[PDB]
Protein chains: 4
Amino acid sequence: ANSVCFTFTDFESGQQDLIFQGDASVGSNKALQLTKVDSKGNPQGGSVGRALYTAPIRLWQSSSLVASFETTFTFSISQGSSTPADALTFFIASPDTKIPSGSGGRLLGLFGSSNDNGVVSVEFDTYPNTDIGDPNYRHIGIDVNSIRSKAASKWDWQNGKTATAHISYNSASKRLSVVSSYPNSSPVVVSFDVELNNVXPXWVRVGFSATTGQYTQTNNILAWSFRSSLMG
Amino acid sequence: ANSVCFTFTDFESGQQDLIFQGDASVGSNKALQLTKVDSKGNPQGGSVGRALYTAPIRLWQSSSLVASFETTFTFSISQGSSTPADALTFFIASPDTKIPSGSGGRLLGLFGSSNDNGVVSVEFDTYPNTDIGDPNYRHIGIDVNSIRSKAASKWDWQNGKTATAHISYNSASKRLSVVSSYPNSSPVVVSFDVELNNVXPXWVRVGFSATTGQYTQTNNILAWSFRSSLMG
Amino acid sequence: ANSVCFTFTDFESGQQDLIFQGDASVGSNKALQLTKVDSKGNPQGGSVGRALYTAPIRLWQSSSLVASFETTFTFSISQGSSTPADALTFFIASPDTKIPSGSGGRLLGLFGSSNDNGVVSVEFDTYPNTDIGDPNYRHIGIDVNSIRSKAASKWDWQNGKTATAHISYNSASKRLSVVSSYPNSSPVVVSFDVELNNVXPXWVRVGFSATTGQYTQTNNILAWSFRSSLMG
Amino acid sequence: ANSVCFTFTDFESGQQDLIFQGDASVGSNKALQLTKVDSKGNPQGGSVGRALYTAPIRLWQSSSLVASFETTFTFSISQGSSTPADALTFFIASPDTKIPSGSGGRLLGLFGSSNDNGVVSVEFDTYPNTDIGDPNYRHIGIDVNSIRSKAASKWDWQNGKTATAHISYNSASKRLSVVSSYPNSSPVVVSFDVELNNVXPXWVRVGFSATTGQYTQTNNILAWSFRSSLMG
Ligand SMILES: OC[C@H]1O[C@H](O[C@H]2[C@@H](O)[C@H](O)[C@@H](CO)O[C@@H]2O)[C@@H](O)[C@@H](O)[C@@H]1O
Ligand SMILES: OC[C@H]1O[C@H](O[C@H]2[C@@H](O)[C@H](O)[C@@H](CO)O[C@@H]2O)[C@@H](O)[C@@H](O)[C@@H]1O
Ligand SMILES: OC[C@H]1O[C@H](O[C@H]2[C@@H](O)[C@H](O)[C@@H](CO)O[C@@H]2O)[C@@H](O)[C@@H](O)[C@@H]1O
Ligand SMILES: OC[C@H]1O[C@H](O[C@H]2[C@@H](O)[C@H](O)[C@@H](CO)O[C@@H]2O)[C@@H](O)[C@@H](O)[C@@H]1O
Ligand SMILES: [Ca+2]
Ligand SMILES: [Ca+2]
Ligand SMILES: [Ca+2]
Ligand SMILES: [Ca+2]
Ligand SMILES: [Mn+2]
Ligand SMILES: [Mn+2]
Ligand SMILES: [Mn+2]
Ligand SMILES: [Mn+2]
């Protein structure tokens with residue numbers, strides 16, 4: 001479509017307009033639980049889950065004057081183990097994208113390696129994996145075809161509290177930016193200059209991905225709005 | 001989703017965010033050709049085709065204060081034979097809706113009979129089939145679970161010209177209305193009091209359906225915008 | 001404009017995009033206090049106030065296929081005296097509309113009499129004034145050029161609680177409807193068949209009006225969104 | 001307001017939701033003629049005119065997570081004299097902004113000098129005034145408190161043809177970008193990194209400005225849509 005927008009104030013079990021992958025599901029709390037949480041509410045380890053809006057989105061078209069999208073979502077991350085892991089992220093990929101093999105834990109279910117098939121995402125990393133590029137502290141990062149963020153900023157994750165994140169991009173400015181914050185707190189912003197049409201196909205699907213590894217945490221999306229438009 | 005909107009200014013072959021049924025396809029003209037048109041541009045008889053937005057839409061929710069939707073679309077109908085047939089329509093049905101068996105010609109591919117599984121549609125009827133309720137003239141009608149329109153008005157179809165139609169409804173007014181017109185012409189309006197949640201499931205898919213029978217015509221959708229919202 | 005939409009999640013003192021009339025102002029609570037409330041927070045009697053969006057709105061145009069608008073707002077009404085009065089309302093009038101002389105108390109600041117200059121409003125009446133048509137109980141009503149509601153329904157006002165109201169209309173259905181409710185409560189709906197272009201000018205201004213008389217209550221608008229569109 | 005959007009597909013004489021300054025008016029062609037055009041349709045010299053949306057817009061708020069706006073408009077510039085002058089522009093300024101004294105011709109009615117009261121605009125310059133910074137060719141530029149563009153690109157203006165321009169900005173990316181083009185042509189883009197809240201007040205009014213000097217041209221806005229939102 002030339003333009004598309006949708007808003008989820010909450011979710012229900014089986015949410016018909018979402019494609020669920022891995023362990024992703026909707027809990028009795030009406031939250032999108034990307035990763036596994038048991039009956040007692042304890043997040044499980046070695047979990048991976050993703051959810052995508054059912055309809056493919058036309059993110060770019062050569063004949064268009066400008067293309068843009070923006071998405072805002074709220075999420076809660078509560079540690080299970082004394083220390084949280086691994087993270088959640090908003091991502092954009094080909095319509096037929098699926099959880100890559102071996103993408104667990106530190107790969108956030110986005111990539112099958114720690115090195116037409118492009119992957120762009122904004123990660124909210126709760127566990128520093130320094131041997132693969134992670135700064136030694138929690139952070140938010142912009143990943144383009146690699147778990148190794150092209151840009152990242154220290155992020156003061158708050159256990160259990162609801163965070164609000166806003167992601168934006170248009171083909172004129174060619175800059176992907178994300179701003180995230182908690183109530184009564186200082187926001188964190190991350191930006192990266194990139195022309196998405198050079199790393200992503202014309203058609204994509206958008207959503208979230210998350211994982212736990214040895215360490216755990218809930219990765220719940222509470223609300224989500226998305227908008228994309230192609231102007232000609 | 002609590003709200004969803006999309007806009008198609010035109011279409012392309014294989015339009016990824018549309019579900020094609022029957023003969024429906026997109027032509028080199030970038031129009032959604034619901035029914036079959038040959039290489040020379042001649043509409044074929046005995047054709048049936050429908051197209052639905054890929055994502056299911058939450059049209060109602062008990063907890064909502066009000067639910068509404070509106071859609072505007074442009075379409076062109078050019079006769080193949082000296083007299084046009086059969087018609088096209090905007091419709092709403094269950095997500096897994098499929099072309100009913102024996103729904104050709106006068107049934108507009110919407111119903112399998114000329115008498116959870118509800119069907120609501122606004123038909124743009126170009127061929128009067130009087131033995132099944134059609135007034136003896138072209139008309140626009142609102143159908144609820146039956147090809148026999150609950151409400152209809154004379155429609156002065158214009159061969160080949162681009163028509164504009166607007167359909168609206170909200171659960172407060174409980175009135176489905178459609179207004180359609182051609183440039184430099186007098187619009188036609190049709191309304192019917194109905195509470196959609198009593199004839200349609202919570203989740204549906206929306207789109208178009210069209211057919212030709214013994215007589216033919218093109219049934220092309222040129223542009224289409226749709227919006228639905230659930231307020232709580 | 002052919003279409004216009006605005007959203008107020010809250011308000012500030014002097015709200016630059018609002019026209020204040022009478023006692024209307026914004027409190028430290030960030031709420032639009034239509035009627036006077038003293039330093040201690042006690043609503044004052046004999047008060048009248050209205051607030052309008054600064055920009056005139058084109059509600060109708062002869063060349064348009066269809067015209068529609070919808071507005072949603074939250075409001076709180078807390079009695080000052082043992083019994084509340086008088087009410088608040090959403091209204092539409094000419095751009096240069098002003099508080100009519102003698103419109104206090106039971107006239108809700110909308111009309112100068114209890115009998116191009118049209119006035120359409122949805123009143124939330126907290127004090128039954130039976131000698132002028134009010135049913136003997138609190139209600140919501142649709143007024144067209146008269147304080148005597150053309151349509152009304154019993155309304156179970158709840159002291160202090162935040163109510164949510166949704167008002168809608170389009171020129172195809174020609175039915176003005178309002179649905180209002182409190183959390184964990186049963187909504188109330190009021191509808192009236194009317195073709196607004198026959199009682200209102202093409203251009204108008206929209207907003208709220210409220211009053212207290214012998215008896216008092218706060219008349220606070222907490223949030224407000226409005227949308228209007230003319231399709232051609 | 002926290003968010004506001006409006007769309008003008010065309011204009012009428014006296015357009016009630018616009019503030020007209022200088023020579024700005026609406027012609028029989030339904031176009032916003034920023035500068036003077038006589039009865040015969042000949043653009044007049046030494047003209048200056050501006051038009052602003054009547055309602056003030058809240059472009060920034062300290063408590064907001066992110067602030068953004070985007071506007072798209074079509075315009076036609078037909079030379080009167082053998083060579084066109086001077087230009088038109090989209091601009092943002094304080095709500096009470098007025099045509100500065102001595103802002104004619106090369107100053108595009110935006111500044112009173114060729115060197116809380118900030119002025120940000122995107123100029124479409126049809127006449128190179130090299131002694132004041134203009135590159136020696138037609139161009140589009142981003143001006144911040146000065147007629148001397150902070151960023152500019154060569155612009156292949158086409159006499160009489162309808163151009164389409166899209167301007168965007170959000171407080172996360174902190175980059176103001178404009179893309180403009182004619183049908184069947186190569187677009188031109190101009191971007192400048194700037195944090196608008198450091199050069200503009202919280203509240204502003206938005207619109208267009210244009211002028212002719214010794215040389216002339218029409219400066220007609222044919223359509224205009226604007227959107228701004230503050231997310232918290
Ligand atoms: O969920 C955390 C982490 O768990 C697993 O990695 C463990 C160990 O192998 C690593 O060397 C250290 C690095 O500090 O972290 C854990 O102790 C993996 O599942 C990994 O993907 C994940 O990030
Ligand atoms: O496409 C027109 C029409 O064609 C076929 O019906 C024909 C005949 O059987 C009917 O009695 C008359 C009624 O006037 O119409 C045609 O001549 C069928 O395919 C029918 O569904 C369709 O409407
Ligand atoms: O604010 C309530 C009411 O107060 C005043 O009217 C009083 C009296 O004159 C009326 O007869 C009775 C009717 O029950 O109500 C009050 O006691 C007026 O200001 C009136 O406009 C207002 O509704
Ligand atoms: O509208 C064009 C231009 O006209 C006037 O300037 C003239 C002259 O004074 C300048 O030196 C040359 C520079 O090439 O241009 C004109 O001939 C002024 O009104 C000026 O503001 C304007 O741009
Ligand atoms: Ca990590
Ligand atoms: Ca028929
Ligand atoms: Ca009363
Ligand atoms: Ca110049
Ligand atoms: Mn990381
Ligand atoms: Mn029929
Ligand atoms: Mn009353
Ligand atoms: Mn210049």
# chains A, B, ... in the order shown; residues from 1 in each chain; ligands from 1
$ calpha_fit_and_write --fixed "chain D" --moving "chain B" --output "mmCIF file with C-alpha atoms, in the first residue's frame"
data_model
loop_
_atom_site.group_PDB
_atom_site.id
_atom_site.type_symbol
_atom_site.label_atom_id
_atom_site.label_comp_id
_atom_site.auth_asym_id
_atom_site.auth_seq_id
_atom_site.Cartn_x
_atom_site.Cartn_y
_atom_site.Cartn_z
ATOM 1 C CA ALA B 1 -2.294 20.684 20.647
ATOM 2 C CA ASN B 2 -0.272 17.491 21.057
ATOM 3 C CA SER B 3 -0.897 16.711 17.404
ATOM 4 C CA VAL B 4 -2.422 18.574 14.496
ATOM 5 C CA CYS B 5 -2.951 17.930 10.816
ATOM 6 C CA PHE B 6 -4.762 19.720 8.022
ATOM 7 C CA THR B 7 -5.097 19.345 4.283
ATOM 8 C CA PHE B 8 -5.943 21.850 1.574
ATOM 9 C CA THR B 9 -6.642 20.263 -1.807
ATOM 10 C CA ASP B 10 -7.468 23.756 -3.057
ATOM 11 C CA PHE B 11 -8.370 27.218 -1.752
ATOM 12 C CA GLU B 12 -11.202 29.756 -1.950
ATOM 13 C CA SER B 13 -11.375 33.533 -1.713
ATOM 14 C CA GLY B 14 -11.110 34.642 1.908
ATOM 15 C CA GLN B 15 -10.064 31.113 3.007
ATOM 16 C CA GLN B 16 -11.217 31.503 6.622
ATOM 17 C CA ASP B 17 -8.596 29.193 8.138
ATOM 18 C CA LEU B 18 -5.700 31.166 6.670
ATOM 19 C CA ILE B 19 -4.140 34.436 7.807
ATOM 20 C CA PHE B 20 -3.309 36.559 4.730
ATOM 21 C CA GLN B 21 -0.457 39.069 4.791
ATOM 22 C CA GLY B 22 0.708 41.542 2.173
ATOM 23 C CA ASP B 23 -0.576 40.791 -1.319
ATOM 24 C CA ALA B 24 -1.484 37.140 -0.681
ATOM 25 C CA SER B 25 -4.935 36.090 -1.903
ATOM 26 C CA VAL B 26 -6.811 33.243 -3.577
ATOM 27 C CA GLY B 27 -7.538 33.477 -7.290
ATOM 28 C CA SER B 28 -10.418 32.285 -9.450
ATOM 29 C CA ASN B 29 -8.118 29.358 -10.210
ATOM 30 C CA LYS B 30 -8.524 28.229 -6.584
ATOM 31 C CA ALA B 31 -4.793 28.615 -6.059
ATOM 32 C CA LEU B 32 -3.116 30.489 -3.220
ATOM 33 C CA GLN B 33 -1.499 33.382 -5.107
ATOM 34 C CA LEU B 34 1.131 34.550 -2.629
ATOM 35 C CA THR B 35 2.132 37.463 -4.855
ATOM 36 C CA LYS B 36 0.084 39.895 -6.933
ATOM 37 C CA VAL B 37 -1.258 38.797 -10.324
ATOM 38 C CA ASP B 38 -3.394 41.236 -12.345
ATOM 39 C CA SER B 39 -6.771 40.685 -14.011
ATOM 40 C CA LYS B 40 -5.035 39.499 -17.179
ATOM 41 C CA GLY B 41 -3.022 36.999 -15.159
ATOM 42 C CA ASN B 42 0.261 38.899 -15.341
ATOM 43 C CA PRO B 43 2.354 38.692 -12.144
ATOM 44 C CA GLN B 44 3.191 42.138 -10.733
ATOM 45 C CA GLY B 45 6.598 43.359 -9.625
ATOM 46 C CA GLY B 46 7.560 44.572 -6.168
ATOM 47 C CA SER B 47 5.022 42.210 -4.616
ATOM 48 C CA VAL B 48 5.092 40.450 -1.260
ATOM 49 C CA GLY B 49 2.585 38.138 0.346
ATOM 50 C CA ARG B 50 2.397 35.425 2.963
ATOM 51 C CA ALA B 51 -0.269 33.071 4.278
ATOM 52 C CA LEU B 52 -0.341 31.224 7.595
ATOM 53 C CA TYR B 53 -2.623 28.549 9.023
ATOM 54 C CA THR B 54 -4.867 30.445 11.451
ATOM 55 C CA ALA B 55 -4.158 28.194 14.440
ATOM 56 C CA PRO B 56 -0.846 28.418 16.321
ATOM 57 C CA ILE B 57 1.061 25.100 16.352
ATOM 58 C CA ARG B 58 2.922 23.664 19.358
ATOM 59 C CA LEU B 59 6.111 22.540 17.651
ATOM 60 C CA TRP B 60 7.999 21.670 20.849
ATOM 61 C CA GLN B 61 7.458 20.889 24.534
ATOM 62 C CA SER B 62 10.219 20.047 27.023
ATOM 63 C CA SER B 63 8.289 17.117 28.496
ATOM 64 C CA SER B 64 7.854 15.448 25.082
ATOM 65 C CA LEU B 65 9.776 12.334 24.066
ATOM 66 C CA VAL B 66 9.901 13.461 20.436
ATOM 67 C CA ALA B 67 8.490 16.215 18.237
ATOM 68 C CA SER B 68 8.042 16.055 14.491
ATOM 69 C CA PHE B 69 6.297 17.662 11.565
ATOM 70 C CA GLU B 70 6.088 17.115 7.848
ATOM 71 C CA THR B 71 4.384 19.054 5.119
ATOM 72 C CA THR B 72 3.786 18.402 1.445
ATOM 73 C CA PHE B 73 2.654 21.007 -1.036
ATOM 74 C CA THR B 74 2.350 21.616 -4.741
ATOM 75 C CA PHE B 75 3.126 24.931 -6.357
ATOM 76 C CA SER B 76 3.383 26.617 -9.722
ATOM 77 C CA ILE B 77 5.803 29.372 -10.694
ATOM 78 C CA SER B 78 5.308 31.001 -14.091
ATOM 79 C CA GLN B 79 7.545 33.904 -15.039
ATOM 80 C CA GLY B 80 5.942 37.209 -15.957
ATOM 81 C CA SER B 81 9.073 38.923 -17.216
ATOM 82 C CA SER B 82 11.493 37.051 -19.511
ATOM 83 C CA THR B 83 13.311 35.975 -16.364
ATOM 84 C CA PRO B 84 11.576 34.866 -13.099
ATOM 85 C CA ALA B 85 11.974 36.319 -9.603
ATOM 86 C CA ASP B 86 12.130 36.122 -6.717
ATOM 87 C CA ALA B 87 10.869 32.978 -4.998
ATOM 88 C CA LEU B 88 8.510 31.383 -2.512
ATOM 89 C CA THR B 89 9.113 29.431 0.659
ATOM 90 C CA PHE B 90 7.564 27.405 3.421
ATOM 91 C CA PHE B 91 8.412 28.944 6.760
ATOM 92 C CA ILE B 92 7.928 28.634 10.498
ATOM 93 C CA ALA B 93 7.976 31.606 12.878
ATOM 94 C CA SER B 94 6.429 33.038 16.033
ATOM 95 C CA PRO B 95 2.591 33.141 15.974
ATOM 96 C CA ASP B 96 2.550 36.933 15.687
ATOM 97 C CA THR B 97 5.063 36.992 12.822
ATOM 98 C CA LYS B 98 4.505 39.694 10.227
ATOM 99 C CA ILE B 99 6.142 40.731 6.958
ATOM 100 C CA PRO B 100 9.410 42.375 8.043
ATOM 101 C CA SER B 101 9.995 45.934 6.857
ATOM 102 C CA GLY B 102 12.198 45.984 3.749
ATOM 103 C CA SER B 103 11.834 42.236 3.155
ATOM 104 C CA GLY B 104 10.868 42.599 -0.508
ATOM 105 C CA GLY B 105 12.427 40.990 -3.560
ATOM 106 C CA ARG B 106 15.561 39.017 -2.687
ATOM 107 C CA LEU B 107 14.501 38.747 0.968
ATOM 108 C CA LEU B 108 11.425 36.704 0.069
ATOM 109 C CA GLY B 109 9.386 38.564 2.676
ATOM 110 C CA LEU B 110 11.039 36.469 5.380
ATOM 111 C CA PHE B 111 13.823 38.719 6.662
ATOM 112 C CA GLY B 112 14.276 42.459 7.008
ATOM 113 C CA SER B 113 18.048 42.123 6.690
ATOM 114 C CA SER B 114 20.396 40.451 4.222
ATOM 115 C CA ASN B 115 22.868 39.724 7.031
ATOM 116 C CA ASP B 116 11.737 34.065 20.437
ATOM 117 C CA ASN B 117 11.965 35.724 17.021
ATOM 118 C CA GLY B 118 13.479 32.840 15.096
ATOM 119 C CA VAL B 119 12.692 32.118 11.457
ATOM 120 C CA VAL B 120 13.166 28.772 9.748
ATOM 121 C CA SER B 121 12.224 28.319 6.118
ATOM 122 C CA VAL B 122 12.823 26.329 2.976
ATOM 123 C CA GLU B 123 13.250 28.672 0.044
ATOM 124 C CA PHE B 124 12.619 27.907 -3.625
ATOM 125 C CA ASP B 125 14.839 30.594 -5.132
ATOM 126 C CA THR B 126 14.249 31.468 -8.791
ATOM 127 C CA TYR B 127 16.646 34.431 -9.028
ATOM 128 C CA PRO B 128 20.328 34.225 -8.057
ATOM 129 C CA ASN B 129 21.324 37.208 -5.901
ATOM 130 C CA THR B 130 25.043 36.418 -5.648
ATOM 131 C CA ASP B 131 25.993 39.492 -3.620
ATOM 132 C CA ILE B 132 24.021 37.989 -0.722
ATOM 133 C CA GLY B 133 25.167 34.376 -0.821
ATOM 134 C CA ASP B 134 22.999 32.879 -3.575
ATOM 135 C CA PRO B 135 24.816 30.327 -5.709
ATOM 136 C CA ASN B 136 24.817 31.440 -9.351
ATOM 137 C CA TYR B 137 21.770 29.369 -10.347
ATOM 138 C CA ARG B 138 18.242 28.582 -9.189
ATOM 139 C CA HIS B 139 18.189 26.551 -5.999
ATOM 140 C CA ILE B 140 16.292 25.329 -2.966
ATOM 141 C CA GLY B 141 17.701 26.272 0.404
ATOM 142 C CA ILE B 142 17.162 25.879 4.115
ATOM 143 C CA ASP B 143 17.328 29.206 5.927
ATOM 144 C CA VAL B 144 17.702 29.580 9.689
ATOM 145 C CA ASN B 145 17.417 33.204 10.847
ATOM 146 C CA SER B 146 19.115 34.387 7.654
ATOM 147 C CA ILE B 147 18.403 34.783 3.948
ATOM 148 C CA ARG B 148 21.841 33.189 3.570
ATOM 149 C CA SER B 149 20.909 29.517 3.312
ATOM 150 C CA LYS B 150 22.669 27.144 5.705
ATOM 151 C CA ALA B 151 22.291 24.472 3.029
ATOM 152 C CA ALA B 152 21.209 24.594 -0.613
ATOM 153 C CA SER B 153 21.122 22.577 -3.826
ATOM 154 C CA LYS B 154 20.766 23.441 -7.488
ATOM 155 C CA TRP B 155 17.118 23.393 -8.473
ATOM 156 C CA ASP B 156 15.916 22.981 -12.028
ATOM 157 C CA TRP B 157 12.817 25.141 -11.840
ATOM 158 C CA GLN B 158 10.356 24.497 -14.667
ATOM 159 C CA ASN B 159 8.192 27.387 -15.841
ATOM 160 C CA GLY B 160 4.514 26.875 -15.079
ATOM 161 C CA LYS B 161 4.778 23.161 -14.260
ATOM 162 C CA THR B 162 3.404 21.928 -10.933
ATOM 163 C CA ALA B 163 6.151 21.019 -8.481
ATOM 164 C CA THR B 164 5.720 18.781 -5.438
ATOM 165 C CA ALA B 165 7.748 19.401 -2.280
ATOM 166 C CA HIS B 166 7.999 17.450 0.953
ATOM 167 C CA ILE B 167 9.564 18.865 4.099
ATOM 168 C CA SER B 168 10.276 16.817 7.225
ATOM 169 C CA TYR B 169 11.855 16.990 10.670
ATOM 170 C CA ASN B 170 11.733 15.245 14.056
ATOM 171 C CA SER B 171 13.643 16.110 17.247
ATOM 172 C CA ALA B 172 15.364 12.730 17.410
ATOM 173 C CA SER B 173 17.193 12.880 14.072
ATOM 174 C CA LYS B 174 17.539 16.650 14.306
ATOM 175 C CA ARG B 175 17.716 16.994 10.525
ATOM 176 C CA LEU B 176 15.472 19.211 8.408
ATOM 177 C CA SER B 177 15.045 17.802 4.916
ATOM 178 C CA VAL B 178 13.201 18.821 1.784
ATOM 179 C CA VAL B 179 12.716 16.898 -1.447
ATOM 180 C CA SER B 180 11.085 18.559 -4.441
ATOM 181 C CA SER B 181 10.390 17.458 -7.991
ATOM 182 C CA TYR B 182 8.391 17.864 -11.177
ATOM 183 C CA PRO B 183 6.659 15.020 -13.007
ATOM 184 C CA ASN B 184 8.981 12.979 -15.237
ATOM 185 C CA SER B 185 11.987 14.664 -13.644
ATOM 186 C CA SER B 186 14.831 14.090 -11.216
ATOM 187 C CA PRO B 187 14.075 15.205 -7.640
ATOM 188 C CA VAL B 188 16.341 17.540 -5.677
ATOM 189 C CA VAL B 189 17.005 17.131 -1.957
ATOM 190 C CA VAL B 190 18.380 19.494 0.651
ATOM 191 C CA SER B 191 19.080 18.651 4.291
ATOM 192 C CA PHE B 192 20.555 20.503 7.257
ATOM 193 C CA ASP B 193 21.315 19.255 10.751
ATOM 194 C CA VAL B 194 19.570 21.510 13.210
ATOM 195 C CA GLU B 195 17.691 21.158 16.481
ATOM 196 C CA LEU B 196 14.713 23.419 15.846
ATOM 197 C CA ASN B 197 13.916 23.946 19.528
ATOM 198 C CA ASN B 198 17.137 25.964 19.793
ATOM 199 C CA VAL B 199 16.077 28.481 17.131
ATOM 200 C CA UNK B 200 12.263 28.473 17.367
ATOM 201 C CA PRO B 201 9.837 29.108 20.240
ATOM 202 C CA UNK B 202 7.544 26.312 21.521
ATOM 203 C CA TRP B 203 4.562 27.804 19.705
ATOM 204 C CA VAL B 204 4.700 28.918 16.089
ATOM 205 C CA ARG B 205 2.542 29.459 13.042
ATOM 206 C CA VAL B 206 3.348 27.872 9.707
ATOM 207 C CA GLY B 207 2.804 28.875 6.124
ATOM 208 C CA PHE B 208 4.269 30.374 2.984
ATOM 209 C CA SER B 209 5.923 33.609 1.890
ATOM 210 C CA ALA B 210 6.843 34.879 -1.566
ATOM 211 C CA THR B 211 7.986 37.930 -3.482
ATOM 212 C CA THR B 212 8.771 39.416 -6.873
ATOM 213 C CA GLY B 213 11.211 42.299 -7.261
ATOM 214 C CA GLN B 214 12.277 43.957 -10.477
ATOM 215 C CA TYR B 215 11.514 40.628 -12.131
ATOM 216 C CA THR B 216 8.298 38.675 -11.712
ATOM 217 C CA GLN B 217 6.618 35.307 -11.543
ATOM 218 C CA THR B 218 3.484 33.808 -10.050
ATOM 219 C CA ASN B 219 3.999 32.143 -6.658
ATOM 220 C CA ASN B 220 0.969 29.878 -6.404
ATOM 221 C CA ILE B 221 0.413 27.158 -3.833
ATOM 222 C CA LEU B 222 -2.053 24.658 -5.291
ATOM 223 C CA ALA B 223 -2.397 22.189 -2.405
ATOM 224 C CA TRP B 224 -0.939 21.827 1.091
ATOM 225 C CA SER B 225 -0.991 19.242 3.868
ATOM 226 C CA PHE B 226 0.692 19.648 7.247
ATOM 227 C CA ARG B 227 1.168 17.351 10.225
ATOM 228 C CA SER B 228 2.841 17.857 13.584
ATOM 229 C CA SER B 229 2.942 15.664 16.677
ATOM 230 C CA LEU B 230 4.409 15.726 20.174
ATOM 231 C CA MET B 231 4.827 12.268 21.689
ATOM 232 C CA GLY B 232 5.253 11.837 25.443
#
$ select_by_dssp --residues "segment 2-212 of chain C" --states "helix (DSSP H, G or I)" --output "NGL selection string"
:C and (105-107 or 130-132 or 196-198)
$ write_last_selection --atoms "C-alpha atoms" --output "PDB file, in the first residue's frame"
ATOM      1  CA  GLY C 105     -27.358  28.211  34.304  1.00  0.00           C
ATOM      2  CA  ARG C 106     -29.953  26.019  32.591  1.00  0.00           C
ATOM      3  CA  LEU C 107     -29.041  27.432  29.167  1.00  0.00           C
ATOM      4  CA  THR C 130     -38.354  20.254  33.865  1.00  0.00           C
ATOM      5  CA  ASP C 131     -40.125  23.536  33.119  1.00  0.00           C
ATOM      6  CA  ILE C 132     -37.992  23.783  29.967  1.00  0.00           C
ATOM      7  CA  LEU C 196     -26.231  19.390   9.576  1.00  0.00           C
ATOM      8  CA  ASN C 197     -25.770  21.459   6.418  1.00  0.00           C
ATOM      9  CA  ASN C 198     -29.396  22.572   6.784  1.00  0.00           C
TER      10      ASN C 198
END
$ select_by_dssp --residues "segment 138-222 of chain C" --states "strand (DSSP E)" --output "MDAnalysis selection string"
chainID C and resid 139:144 151:154 162:170 175:181 188:193 203:211 220:222
$ write_last_selection --atoms "C-alpha atoms" --output "CSV table (one decimal), in the first residue's frame"
chain,number,residue,atom,x,y,z
C,139,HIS,CA,-29.3,13.0,30.8
C,140,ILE,CA,-27.3,13.5,27.6
C,141,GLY,CA,-29.1,15.3,24.8
C,142,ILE,CA,-28.6,16.5,21.2
C,143,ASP,CA,-29.7,20.1,20.8
C,144,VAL,CA,-30.3,21.8,17.5
C,151,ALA,CA,-33.2,13.6,21.4
C,152,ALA,CA,-32.0,12.6,24.9
C,153,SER,CA,-31.3,9.6,27.1
C,154,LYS,CA,-30.9,9.0,30.8
C,162,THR,CA,-13.6,10.6,34.3
C,163,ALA,CA,-16.2,10.1,31.5
C,164,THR,CA,-15.3,9.3,27.9
C,165,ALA,CA,-17.6,10.6,25.1
C,166,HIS,CA,-17.5,10.0,21.4
C,167,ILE,CA,-19.6,12.1,18.9
C,168,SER,CA,-19.9,11.3,15.2
C,169,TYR,CA,-21.6,12.4,12.0
C,170,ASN,CA,-21.3,12.1,8.3
C,175,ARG,CA,-27.3,10.9,11.9
C,176,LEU,CA,-25.6,12.6,14.8
C,177,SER,CA,-24.6,10.1,17.5
C,178,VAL,CA,-22.9,10.3,20.9
C,179,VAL,CA,-21.9,7.5,23.2
C,180,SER,CA,-20.5,8.2,26.6
C,181,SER,CA,-19.4,6.0,29.5
C,188,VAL,CA,-25.3,5.5,27.1
C,189,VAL,CA,-26.0,6.4,23.5
C,190,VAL,CA,-28.1,9.2,21.9
C,191,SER,CA,-28.7,9.7,18.2
C,192,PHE,CA,-30.8,12.1,16.1
C,193,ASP,CA,-31.4,12.1,12.4
C,203,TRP,CA,-17.7,27.3,8.2
C,204,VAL,CA,-17.9,26.8,11.9
C,205,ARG,CA,-15.8,26.7,15.1
C,206,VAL,CA,-16.0,23.8,17.5
C,207,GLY,CA,-15.6,23.5,21.2
C,208,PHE,CA,-17.2,23.2,24.6
C,209,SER,CA,-19.5,25.3,26.8
C,210,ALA,CA,-20.6,24.9,30.4
C,211,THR,CA,-22.3,26.6,33.3
C,220,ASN,CA,-13.4,20.0,33.3
C,221,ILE,CA,-12.3,18.7,29.9
C,222,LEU,CA,-9.3,16.5,30.4
